[PDB]
Amino acid sequence: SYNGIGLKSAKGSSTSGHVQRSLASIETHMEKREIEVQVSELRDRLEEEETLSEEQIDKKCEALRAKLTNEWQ
Amino acid sequence: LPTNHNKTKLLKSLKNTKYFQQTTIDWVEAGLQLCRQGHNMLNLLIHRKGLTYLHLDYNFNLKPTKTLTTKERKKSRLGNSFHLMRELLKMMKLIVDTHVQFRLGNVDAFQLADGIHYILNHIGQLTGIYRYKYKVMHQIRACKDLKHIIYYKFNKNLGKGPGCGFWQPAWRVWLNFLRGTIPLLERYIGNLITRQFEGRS
Amino acid sequence: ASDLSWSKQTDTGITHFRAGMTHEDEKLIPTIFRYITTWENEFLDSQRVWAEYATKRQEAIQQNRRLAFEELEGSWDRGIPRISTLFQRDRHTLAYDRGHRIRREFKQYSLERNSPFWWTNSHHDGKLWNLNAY
Amino acid sequence: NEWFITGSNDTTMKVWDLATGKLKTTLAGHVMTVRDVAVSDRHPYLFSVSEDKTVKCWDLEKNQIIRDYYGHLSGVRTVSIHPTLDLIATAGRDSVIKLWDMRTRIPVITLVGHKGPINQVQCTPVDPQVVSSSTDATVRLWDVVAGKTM
Amino acid sequence: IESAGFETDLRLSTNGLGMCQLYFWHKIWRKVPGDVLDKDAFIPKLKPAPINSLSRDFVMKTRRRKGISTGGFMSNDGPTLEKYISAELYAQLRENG
Amino acid sequence: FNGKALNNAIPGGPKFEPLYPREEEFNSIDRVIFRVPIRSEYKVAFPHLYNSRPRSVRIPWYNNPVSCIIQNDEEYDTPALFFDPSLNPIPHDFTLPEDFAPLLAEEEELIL
RNA sequence: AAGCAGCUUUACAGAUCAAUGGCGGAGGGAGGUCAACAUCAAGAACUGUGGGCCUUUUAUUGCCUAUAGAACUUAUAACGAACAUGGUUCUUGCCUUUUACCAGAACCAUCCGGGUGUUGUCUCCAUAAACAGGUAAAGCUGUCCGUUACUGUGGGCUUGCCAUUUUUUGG
Ligand SMILES: O=P(O)(O)O[C@H]1[C@H](OP(=O)(O)O)[C@@H](OP(=O)(O)O)[C@H](OP(=O)(O)O)[C@@H](OP(=O)(O)O)[C@H]1OP(=O)(O)O
């Protein structure tokens with residue numbers, strides 16, 4: 001049985017077994033995200049340039065956050 | 001798998017007696033003598049049983065001389081063994097007689113090869129072995145199938161017609177048949193000949 | 001022929017054809033199923049020709065003429081039961097034949113060789129097929 | 001002692017289980033009533049006298065018939081595997097014990113002298129090597145070499 | 001999923017001269033054409049599914065293998081409504097947008 | 001041998017009886033992605049992959065390397081070593097004695 | 001790879017014409033549609049010799065090691081690059097019962113053949129091969145016989161070559 005179509009055997013059916021193929025077939029959220037980004041940037045800046053102490057960076061970051069808040073109502 | 005301790009063969013067990021003798025003859029003489037001796041042996045098998053009205057012709061056609069009784073149809077039927085001998089000797093006599101029709105000067109070597117390839121691909125027509133042993137049909141189908149290959153590789157630019165005589169693989173198929181039914185005929189004819197001499201158990 | 005791993009699962013389209021009884025000749029032997037009208041195509045036609053007969057009978061009562069069967073020709077061998085039953089020679093005798101279906105169906109319990117047409121009766125239904133064109 | 005086989009009149013020997021009482025296989029090579037079954041001691045065989053006139057050998061590494069001992073003149077009733085040689089002792093209705101070489105399937109030594117059908121044959125490793133008994137009320141002790149009732 | 005024996009196809013088309021080696025070390029992953037959530041995608045049964053309805057096919061049958069679906073009908077995809085959108089306002093806003 | 005053991009035809013190959021009479025949730029069309037119709041040449045090529053339940057199946061010989069044999073079929077005109085027309089083109093002090101010869105420098109003929 | 005030194009060889013010129021010692025010899029080569037005996041389906045799988053270790057008395061099993069050999073087929077596993085047939089049992093077909101069958105399986109066999117080793121015989125061609133002991137077999141051994149064991153010509157190569165830190169031309 002080629003392609004699983006034909007017989008088990010030509011013997012038994014008493015046919016020829018000649019199987020042939022058929023020719024018939026949100027805004028608030030966004031704002032928040034922005035704020036976060038800004039904060040991150042600030043942090044990065046601090047890291048880059050003179051901010052081994054935490055208080056400074058934290059302070060600056062806080063200020064930035066406050067500013068952002070003010071801006072968004 | 002073949003047997004490994006088969007030191008005995010047939011002809012090697014017959015050289016070692018005082019009765020068989022070695023010689024060198026032509027193949028055509030060996031074939032004509034096996035035709036003569038096969039005719040004598042089948043004629044004596046017939047004539048020991050008393051079947052003197054079955055005129056076994058020289059081409060190994062068993063024909064009743066007269067129309068029979070039923071008693072002369074019961075003793076004059078024979079099994080697959082005797083008839084299988086008769087049909088293989090028909091086959092061999094066709095082979096040897098085509099080689100004789102060559103050797104006499106009548107027919108060409110090309111026409112010999114086509115005649116042989118006609119024999120070895122019409123055993124089911126020229127002879128009649130298909131009757132008494134039906135697995136011969138396997139080999140007959142194979143011979144027909146070899147015909148169907150060889151006539152469309154011999155005749156690419158030749159079309160249709162006789163003349164093809166590449167008889168080698170059909171010859172191999174009938175030799176493999178004989179390889180199979182040497183011991184079959186040994187047992188069958190051994191039982192028949194011991195019924196003729198020794199008798200029924 | 002179709003995929004016998006798939007054919008026991010879904011309604012496969014007829015994607016292949018196995019050859020039924022090949023002969024060496026190319027004899028296109030006609031088959032009996034093409035010369036027998038299928039049942040839906042008998043029953044829609046039966047509703048049509050019996051609507052035509054009931055309309056012609058209502059008109060022939062309105063015309064007060066007896067409906068001779070030279071008019072129904074052409075529709076003489078159509079419909080189940082056949083129109084040719086209506087003008088057979090024993091219609092007054094077969095007027096009183098009731099229960100003939102099961103009488104012909106229970107012949108198999110009292111006959112050794114029942115006819116294989118246990119279901120039809122040409123006295124009450126007529127010949128439902130015609131194979132003289134086959 | 002993993003199993004015991006019971007030949008029966010429905011021609012089908014069945015191999016039952018001692019510890020559980022289960023079937024495991026069914027050996028149905030005969031066509032007549034299986035009369036005697038004798039499982040070998042030093043061979044993985046199973047000799048099954050039926051009244052098919054056939055003594056069949058069942059190769060228990062295969063559960064197949066391998067050998068069929070023909071030569072009995074009527075129905076056979078009993079087997080007796082000689083426990084320290086390669087021969088089996090089959091006897092039956094034909095009043096004569098046929099010894100059988102298990103290789104060549106030849107009736108080696110016929111044992112002549114019982115009158116009626118022989119019912120039960122037993123083999124010993126030392127002479128009397130065939131202790132048989134028949135319906136003529138005789139328990140004959142056999143000499144396997146001489147073929148005579150000792 | 002489309003190369004179920006591309007190698008033997010190149011060998012049997014070219015009568016033995018071709019040779020194919022399929023590999024996945026540059027681990028590339030391409031979008032199947034057609035949407036997942038396309039419930040109005042036609043699915044054939046014996047011929048392969050069309051291209052624009054492939055992914056709807058490639059979801060569904062795998063779901064029927066893993067038991068997350070509930071039968072051989074065209075529903076039981078992965079919707080937003082089954083996971084969290086259970087109140088009617090979220091469902092009607094998602095279908096109304 | 002795989003075509004015989006799997007009831008399975010090859011176009012040039014012979015047909016046999018099935019060695020096993022095989023009849024009848026898991027492998028239903030509900031759970032089958034139909035992309036590649038499994039031709040029987042797959043089931044004879046890779047017999048353990050494309051066949052649910054094979055047995056008595058001999059492991060088929062997976063391919064030889066790509067035989068690039070040049071046929072030299074020009075009328076006894078080409079030498080034994082030459083650049084065949086089907087071959088792709090290729091797009092790319094210290095002193096010693098004068099009598100320092102290569103190996104096999106005694107003979108001139110590269111081919112015979 | 002020219003040569004020289006060295007080693008070996010045969011044709012030798014040579015010392016004894018001894019007692020030595022190597023090599024070779026102590027009844028040939030090619031074969032043959034010659035046969036006889038082994039042997040050829042497997043822990044990938046084989047034997048020789050020797051030691052040692054286990055039974056309740058060291059016997060037939062079975063291992064660990066040491067070395068010398070494994071011819072013949074074997075991996076897309078098999079003596080055969082080819083391929084028949086028969087038996088039993090099961091399952092199909094043809095069916096009208098059996099033989100004869102369809103055609104698959106399983107387990108077995110039977111035939112045409114084949115390889116290798118040894119022994120022997122046969123054919124063709126040749127020709128100190130002397131004496132003594134045995135086995136299943138041979139210069140196996142003892143006595144023994146040619147070139148000859150101490151130089152040179154002629155061939156072959158298993159080698160080396162054609163002072164300035166680590167070897168051979170000075171602590
Ligand atoms: O009858 P066709 O279908 O045309 O075939 C015939 C037929 O072959 P088949 O045995 O297969 O039928 C002949 O065989 P026979 O009639 O002799 O039995 C054979 O002739 P030969 O055997 O004598 O050779 C002949 O072959 P061609 O005529 O080419 O020699 C061949 O014809 P196709 O070649 O067309 O098949």
# chains A, B, ... in the order shown; residues from 1 in each chain; ligands from 1
call {"tool": "closest_atom_pairs", "arguments": {"of": "chain G", "to": "chain B", "cutoff": "6 Å", "atoms": "only C-alpha atoms (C1' of nucleotides)", "output": "JSON lines"}}
result
{"residue": "G:84", "atom": "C1'", "partner": "B:180", "partner_atom": "CA", "distance": 4.2}
{"residue": "G:85", "atom": "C1'", "partner": "B:180", "partner_atom": "CA", "distance": 4.0}
{"residue": "G:111", "atom": "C1'", "partner": "B:183", "partner_atom": "CA", "distance": 5.4}
{"residue": "G:112", "atom": "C1'", "partner": "B:179", "partner_atom": "CA", "distance": 5.0}
call {"tool": "interface_residues", "arguments": {"of": "chain C", "to": "chain A", "cutoff": "10 Å", "atoms": "only C-alpha atoms", "output": "PyMOL selection string"}}
result
chain C and resi 1-7+13-23
call {"tool": "write_last_selection", "arguments": {"atoms": "C-alpha atoms", "output": "short mmCIF file (atom, residue, chain, number, x, y, z; two decimals), in the first residue's frame"}}
result
data_model
loop_
_atom_site.label_atom_id
_atom_site.label_comp_id
_atom_site.auth_asym_id
_atom_site.auth_seq_id
_atom_site.Cartn_x
_atom_site.Cartn_y
_atom_site.Cartn_z
CA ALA C 1 -10.08 3.77 -2.09
CA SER C 2 -8.87 6.11 0.62
CA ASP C 3 -6.43 6.15 3.51
CA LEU C 4 -7.40 3.25 5.79
CA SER C 5 -5.71 4.92 8.74
CA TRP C 6 -7.77 8.06 8.08
CA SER C 7 -10.95 6.46 6.71
CA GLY C 13 -12.96 12.39 0.09
CA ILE C 14 -12.59 9.80 -2.61
CA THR C 15 -8.91 10.43 -3.22
CA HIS C 16 -7.93 7.19 -4.96
CA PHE C 17 -9.53 4.43 -7.01
CA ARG C 18 -8.70 0.76 -6.70
CA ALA C 19 -9.43 -1.15 -9.88
CA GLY C 20 -12.40 -3.47 -9.48
CA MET C 21 -12.05 -6.33 -11.97
CA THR C 22 -9.38 -5.51 -14.53
CA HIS C 23 -9.35 -7.43 -17.77
#
call {"tool": "residues_around", "arguments": {"residues": "segment 52-64 of chain C", "least_positions_apart": "3", "cutoff": "12 Å", "atoms": "only C-alpha atoms (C1' of nucleotides)", "output": "list in words"}}
result
residues 45, 46, 47, 48, 49, 67, 68, 69, 71, 72, 73, 75, 76, 78, 79, 82, 83, 84 and 86 of chain C
call {"tool": "residues_around", "arguments": {"residues": "segment 150-160 of chain G", "least_positions_apart": "6", "cutoff": "10 Å", "atoms": "only C-alpha atoms (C1' of nucleotides)", "output": "PDB file with N, CA, C and O atoms (P, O5', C5', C4', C3', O3' and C1' of nucleotides), in the first residue's frame"}}
result
ATOM      1  P     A G   5      88.049   0.410   0.896  1.00  0.00           P
ATOM      2  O5'   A G   5      87.596   0.435   2.424  1.00  0.00           O
ATOM      3  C5'   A G   5      88.503   0.823   3.446  1.00  0.00           C
ATOM      4  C4'   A G   5      87.812   0.998   4.778  1.00  0.00           C
ATOM      5  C3'   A G   5      86.999  -0.183   5.281  1.00  0.00           C
ATOM      6  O3'   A G   5      87.797  -1.195   5.870  1.00  0.00           O
ATOM      7  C1'   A G   5      85.746   1.799   5.547  1.00  0.00           C
ATOM      8  P     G G   6      87.469  -2.746   5.596  1.00  0.00           P
ATOM      9  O5'   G G   6      86.123  -3.010   6.409  1.00  0.00           O
ATOM     10  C5'   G G   6      86.085  -2.872   7.821  1.00  0.00           C
ATOM     11  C4'   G G   6      84.668  -2.831   8.338  1.00  0.00           C
ATOM     12  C3'   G G   6      83.804  -4.032   8.000  1.00  0.00           C
ATOM     13  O3'   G G   6      84.045  -5.133   8.857  1.00  0.00           O
ATOM     14  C1'   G G   6      82.595  -2.050   7.568  1.00  0.00           C
ATOM     15  P     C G   7      84.229  -6.609   8.250  1.00  0.00           P
ATOM     16  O5'   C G   7      82.739  -7.167   8.164  1.00  0.00           O
ATOM     17  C5'   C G   7      81.878  -7.091   9.289  1.00  0.00           C
ATOM     18  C4'   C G   7      80.428  -7.194   8.891  1.00  0.00           C
ATOM     19  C3'   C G   7      80.079  -8.322   7.938  1.00  0.00           C
ATOM     20  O3'   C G   7      79.985  -9.587   8.567  1.00  0.00           O
ATOM     21  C1'   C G   7      79.038  -6.331   7.206  1.00  0.00           C
ATOM     22  P     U G   8      80.471 -10.906   7.787  1.00  0.00           P
ATOM     23  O5'   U G   8      79.295 -11.199   6.751  1.00  0.00           O
ATOM     24  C5'   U G   8      77.969 -11.459   7.193  1.00  0.00           C
ATOM     25  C4'   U G   8      76.988 -11.356   6.056  1.00  0.00           C
ATOM     26  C3'   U G   8      77.253 -12.281   4.878  1.00  0.00           C
ATOM     27  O3'   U G   8      76.728 -13.582   5.077  1.00  0.00           O
ATOM     28  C1'   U G   8      76.857 -10.085   4.090  1.00  0.00           C
ATOM     29  P     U G   9      77.050 -14.755   4.028  1.00  0.00           P
ATOM     30  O5'   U G   9      75.893 -14.635   2.940  1.00  0.00           O
ATOM     31  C5'   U G   9      75.856 -15.517   1.831  1.00  0.00           C
ATOM     32  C4'   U G   9      75.809 -14.778   0.516  1.00  0.00           C
ATOM     33  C3'   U G   9      76.688 -15.350  -0.582  1.00  0.00           C
ATOM     34  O3'   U G   9      76.067 -16.442  -1.235  1.00  0.00           O
ATOM     35  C1'   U G   9      76.887 -12.978  -0.523  1.00  0.00           C
ATOM     36  P     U G  10      76.472 -17.948  -0.859  1.00  0.00           P
ATOM     37  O5'   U G  10      77.160 -18.494  -2.187  1.00  0.00           O
ATOM     38  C5'   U G  10      76.381 -18.758  -3.343  1.00  0.00           C
ATOM     39  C4'   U G  10      76.712 -17.821  -4.478  1.00  0.00           C
ATOM     40  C3'   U G  10      77.966 -18.129  -5.270  1.00  0.00           C
ATOM     41  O3'   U G  10      77.829 -19.213  -6.170  1.00  0.00           O
ATOM     42  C1'   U G  10      77.863 -15.811  -4.831  1.00  0.00           C
ATOM     43  P     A G  11      79.040 -20.257  -6.332  1.00  0.00           P
ATOM     44  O5'   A G  11      80.035 -19.541  -7.349  1.00  0.00           O
ATOM     45  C5'   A G  11      79.661 -19.344  -8.701  1.00  0.00           C
ATOM     46  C4'   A G  11      80.659 -18.496  -9.448  1.00  0.00           C
ATOM     47  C3'   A G  11      82.128 -18.790  -9.201  1.00  0.00           C
ATOM     48  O3'   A G  11      82.595 -19.949  -9.874  1.00  0.00           O
ATOM     49  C1'   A G  11      81.780 -16.456  -9.171  1.00  0.00           C
ATOM     50  P     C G  12      83.132 -21.212  -9.032  1.00  0.00           P
ATOM     51  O5'   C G  12      83.631 -20.580  -7.655  1.00  0.00           O
ATOM     52  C5'   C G  12      85.010 -20.554  -7.316  1.00  0.00           C
ATOM     53  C4'   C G  12      85.701 -19.345  -7.897  1.00  0.00           C
ATOM     54  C3'   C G  12      87.163 -19.163  -7.524  1.00  0.00           C
ATOM     55  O3'   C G  12      88.050 -19.976  -8.273  1.00  0.00           O
ATOM     56  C1'   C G  12      86.032 -17.106  -7.264  1.00  0.00           C
ATOM     57  P     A G  13      89.480 -20.378  -7.658  1.00  0.00           P
ATOM     58  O5'   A G  13      90.435 -19.167  -8.065  1.00  0.00           O
ATOM     59  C5'   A G  13      91.784 -19.396  -8.454  1.00  0.00           C
ATOM     60  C4'   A G  13      92.666 -18.203  -8.159  1.00  0.00           C
ATOM     61  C3'   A G  13      93.511 -18.294  -6.896  1.00  0.00           C
ATOM     62  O3'   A G  13      94.716 -19.018  -7.086  1.00  0.00           O
ATOM     63  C1'   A G  13      92.379 -16.229  -6.913  1.00  0.00           C
ATOM     64  P     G G  14      94.797 -20.580  -6.708  1.00  0.00           P
ATOM     65  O5'   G G  14      93.962 -20.696  -5.355  1.00  0.00           O
ATOM     66  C5'   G G  14      94.607 -20.970  -4.119  1.00  0.00           C
ATOM     67  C4'   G G  14      95.058 -19.700  -3.445  1.00  0.00           C
ATOM     68  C3'   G G  14      95.475 -19.822  -1.986  1.00  0.00           C
ATOM     69  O3'   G G  14      96.789 -20.318  -1.797  1.00  0.00           O
ATOM     70  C1'   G G  14      94.007 -17.999  -2.215  1.00  0.00           C
ATOM     71  P     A G  15      97.059 -21.535  -0.776  1.00  0.00           P
ATOM     72  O5'   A G  15      96.797 -20.924   0.673  1.00  0.00           O
ATOM     73  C5'   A G  15      97.885 -20.489   1.480  1.00  0.00           C
ATOM     74  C4'   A G  15      97.765 -20.944   2.919  1.00  0.00           C
ATOM     75  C3'   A G  15      97.366 -22.392   3.163  1.00  0.00           C
ATOM     76  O3'   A G  15      98.440 -23.303   3.002  1.00  0.00           O
ATOM     77  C1'   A G  15      96.166 -20.970   4.631  1.00  0.00           C
TER      78        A G  15
END
call {"tool": "select_by_dssp", "arguments": {"residues": "chain C", "states": "helix (DSSP H, G or I)", "output": "PyMOL selection string"}}
result
chain C and resi 32-35+39-62+83-85+94-96+100-109
call {"tool": "write_last_selection", "arguments": {"atoms": "N, CA and C atoms", "output": "compact mmCIF listing (two decimals), in the first residue's frame"}}
result
# COMPACT_ATOMS: atom_id res chain seq x y z
N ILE C 32 -25.06 -1.88 -13.58
CA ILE C 32 -26.50 -1.87 -13.40
C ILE C 32 -26.96 -0.65 -12.61
N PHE C 33 -26.11 -0.11 -11.74
CA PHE C 33 -26.50 1.03 -10.91
C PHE C 33 -26.77 2.28 -11.74
N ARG C 34 -26.11 2.43 -12.88
CA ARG C 34 -26.42 3.55 -13.76
C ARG C 34 -27.76 3.39 -14.46
N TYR C 35 -28.32 2.18 -14.50
CA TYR C 35 -29.59 1.96 -15.16
C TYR C 35 -30.71 1.71 -14.17
N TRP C 39 -33.27 6.20 -5.05
CA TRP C 39 -34.53 6.28 -4.30
C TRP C 39 -35.01 7.71 -4.13
N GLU C 40 -34.12 8.65 -3.81
CA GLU C 40 -34.50 10.06 -3.73
C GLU C 40 -35.04 10.55 -5.07
N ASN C 41 -34.41 10.11 -6.14
CA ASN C 41 -34.82 10.47 -7.48
C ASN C 41 -36.04 9.69 -7.94
N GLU C 42 -36.44 8.66 -7.20
CA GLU C 42 -37.74 8.03 -7.37
C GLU C 42 -38.82 8.70 -6.54
N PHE C 43 -38.48 9.20 -5.36
CA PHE C 43 -39.50 9.65 -4.42
C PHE C 43 -39.91 11.09 -4.69
N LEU C 44 -38.96 11.94 -5.09
CA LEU C 44 -39.33 13.28 -5.55
C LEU C 44 -40.19 13.19 -6.80
N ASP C 45 -39.82 12.28 -7.71
CA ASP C 45 -40.62 12.04 -8.90
C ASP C 45 -41.96 11.40 -8.57
N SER C 46 -42.02 10.60 -7.51
CA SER C 46 -43.28 9.99 -7.12
C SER C 46 -44.24 11.02 -6.56
N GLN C 47 -43.73 11.95 -5.74
CA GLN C 47 -44.57 13.04 -5.26
C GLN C 47 -45.04 13.92 -6.41
N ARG C 48 -44.18 14.13 -7.41
CA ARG C 48 -44.57 14.92 -8.58
C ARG C 48 -45.66 14.22 -9.40
N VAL C 49 -45.47 12.94 -9.72
CA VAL C 49 -46.44 12.29 -10.60
C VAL C 49 -47.72 11.95 -9.86
N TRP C 50 -47.69 11.79 -8.54
CA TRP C 50 -48.95 11.59 -7.85
C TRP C 50 -49.66 12.90 -7.56
N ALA C 51 -48.94 14.02 -7.47
CA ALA C 51 -49.61 15.31 -7.50
C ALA C 51 -50.28 15.54 -8.86
N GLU C 52 -49.59 15.16 -9.94
CA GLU C 52 -50.18 15.27 -11.27
C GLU C 52 -51.39 14.36 -11.43
N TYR C 53 -51.34 13.15 -10.85
CA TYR C 53 -52.48 12.25 -10.98
C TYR C 53 -53.66 12.71 -10.14
N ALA C 54 -53.41 13.20 -8.92
CA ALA C 54 -54.52 13.70 -8.11
C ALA C 54 -55.12 14.97 -8.70
N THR C 55 -54.32 15.78 -9.38
CA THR C 55 -54.86 16.96 -10.05
C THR C 55 -55.66 16.57 -11.29
N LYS C 56 -55.16 15.62 -12.09
CA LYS C 56 -55.92 15.15 -13.24
C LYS C 56 -57.19 14.41 -12.84
N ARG C 57 -57.18 13.72 -11.69
CA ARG C 57 -58.38 13.05 -11.23
C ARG C 57 -59.41 14.04 -10.71
N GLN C 58 -58.96 15.06 -9.96
CA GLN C 58 -59.86 16.13 -9.53
C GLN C 58 -60.45 16.86 -10.72
N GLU C 59 -59.65 17.08 -11.77
CA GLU C 59 -60.18 17.73 -12.97
C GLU C 59 -61.14 16.82 -13.73
N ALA C 60 -60.84 15.52 -13.81
CA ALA C 60 -61.71 14.60 -14.53
C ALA C 60 -63.02 14.36 -13.79
N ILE C 61 -63.03 14.53 -12.47
CA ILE C 61 -64.29 14.57 -11.74
C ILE C 61 -65.00 15.90 -12.00
N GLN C 62 -64.23 17.00 -12.06
CA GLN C 62 -64.81 18.29 -12.44
C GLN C 62 -65.25 18.31 -13.90
N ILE C 83 -47.89 4.22 -11.64
CA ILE C 83 -49.17 4.63 -12.21
C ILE C 83 -49.79 3.47 -12.98
N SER C 84 -48.96 2.56 -13.50
CA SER C 84 -49.44 1.39 -14.22
C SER C 84 -50.16 0.38 -13.33
N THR C 85 -50.13 0.57 -12.01
CA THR C 85 -50.97 -0.25 -11.14
C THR C 85 -52.43 0.12 -11.29
N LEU C 94 -57.76 -6.85 -6.18
CA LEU C 94 -56.73 -6.35 -5.28
C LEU C 94 -57.19 -5.16 -4.45
N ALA C 95 -58.43 -4.69 -4.65
CA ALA C 95 -59.01 -3.69 -3.76
C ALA C 95 -59.12 -4.21 -2.33
N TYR C 96 -59.34 -5.51 -2.17
CA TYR C 96 -59.58 -6.09 -0.86
C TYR C 96 -58.34 -6.77 -0.30
N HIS C 100 -50.50 -7.25 2.69
CA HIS C 100 -49.71 -8.05 1.76
C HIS C 100 -48.22 -7.92 1.98
N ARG C 101 -47.77 -6.80 2.57
CA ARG C 101 -46.34 -6.59 2.83
C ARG C 101 -45.80 -7.62 3.80
N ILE C 102 -46.46 -7.77 4.95
CA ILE C 102 -45.95 -8.72 5.93
C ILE C 102 -46.30 -10.15 5.55
N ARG C 103 -47.33 -10.35 4.72
CA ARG C 103 -47.60 -11.68 4.21
C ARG C 103 -46.50 -12.14 3.27
N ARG C 104 -45.95 -11.22 2.49
CA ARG C 104 -44.84 -11.55 1.62
C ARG C 104 -43.51 -11.52 2.37
N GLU C 105 -43.46 -10.86 3.52
CA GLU C 105 -42.24 -10.84 4.31
C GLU C 105 -42.10 -12.05 5.21
N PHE C 106 -43.20 -12.59 5.73
CA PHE C 106 -43.16 -13.81 6.52
C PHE C 106 -43.34 -15.06 5.68
N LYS C 107 -43.12 -14.98 4.38
CA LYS C 107 -42.97 -16.21 3.61
C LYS C 107 -41.66 -16.91 3.92
N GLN C 108 -40.67 -16.18 4.43
CA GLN C 108 -39.38 -16.78 4.75
C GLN C 108 -39.44 -17.71 5.96
N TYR C 109 -40.51 -17.66 6.75
CA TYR C 109 -40.68 -18.59 7.84
C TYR C 109 -41.49 -19.81 7.46
call {"tool": "residues_near_ligand", "arguments": {"ligand": "ligand 1", "cutoff": "12 Å", "atoms": "only C-alpha atoms (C1' of nucleotides) and all ligand atoms", "output": "PyMOL selection string"}}
result
(chain B and resi 114-126+140-167) or (chain C and resi 24-25)
call {"tool": "residues_around", "arguments": {"residues": "segment 68-85 of chain E", "least_positions_apart": "4", "cutoff": "12 Å", "atoms": "only C-alpha atoms (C1' of nucleotides)", "output": "ChimeraX atom specification"}}
result
/E:35-45,55-64,89-95 /F:25,28-32
call {"tool": "residues_around", "arguments": {"residues": "residue 44 of chain F", "least_positions_apart": "6", "cutoff": "9 Å", "atoms": "only C-alpha atoms (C1' of nucleotides)", "output": "PDB file with C-alpha atoms, in the first residue's frame"}}
result
ATOM      1  CA  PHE F   1      12.803  -5.752   3.798  1.00  0.00           C
ATOM      2  CA  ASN F   2      11.161  -2.704   5.354  1.00  0.00           C
ATOM      3  CA  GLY F   3       8.633  -2.562   2.525  1.00  0.00           C
ATOM      4  CA  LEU F   6       5.423  -2.747   6.826  1.00  0.00           C
ATOM      5  CA  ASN F   8       4.277  -1.145   2.121  1.00  0.00           C
ATOM      6  CA  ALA F   9       4.917  -0.442  -1.554  1.00  0.00           C
ATOM      7  CA  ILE F  10       7.900   1.211  -3.230  1.00  0.00           C
ATOM      8  CA  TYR F  50       7.171   7.439  10.684  1.00  0.00           C
ATOM      9  CA  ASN F  51       5.636   4.138  11.814  1.00  0.00           C
ATOM     10  CA  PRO F  60      18.107   0.615   6.598  1.00  0.00           C
TER      11      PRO F  60
END
call {"tool": "atom_distance", "arguments": {"atom1": "atom CA of residue 48 of chain E", "atom2": "atom CA of residue 33 of chain E"}}
result
14.1 Å
call {"tool": "closest_residue", "arguments": {"among": "A:54, A:73, A:8, A:65", "to": "chain G", "atoms": "only C-alpha atoms (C1' of nucleotides)"}}
result
A:8
call {"tool": "atom_distance", "arguments": {"atom1": "atom CA of residue 67 of chain F", "atom2": "atom CA of residue 91 of chain F"}}
result
23.1 Å
call {"tool": "interface_residues", "arguments": {"of": "chain F", "to": "chain A", "cutoff": "9 Å", "atoms": "only C-alpha atoms", "output": "MDAnalysis selection string"}}
result
chainID F and resid 7:11 15:18 21 37:41
call {"tool": "residues_around", "arguments": {"residues": "segment 22-27 of chain D", "least_positions_apart": "3", "cutoff": "12 Å", "atoms": "only C-alpha atoms (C1' of nucleotides)", "output": "number ranges by chain"}}
result
D: 2-8, 10-19, 30-31, 34, 37, 46-48, 56-60, 62-65; G: 89
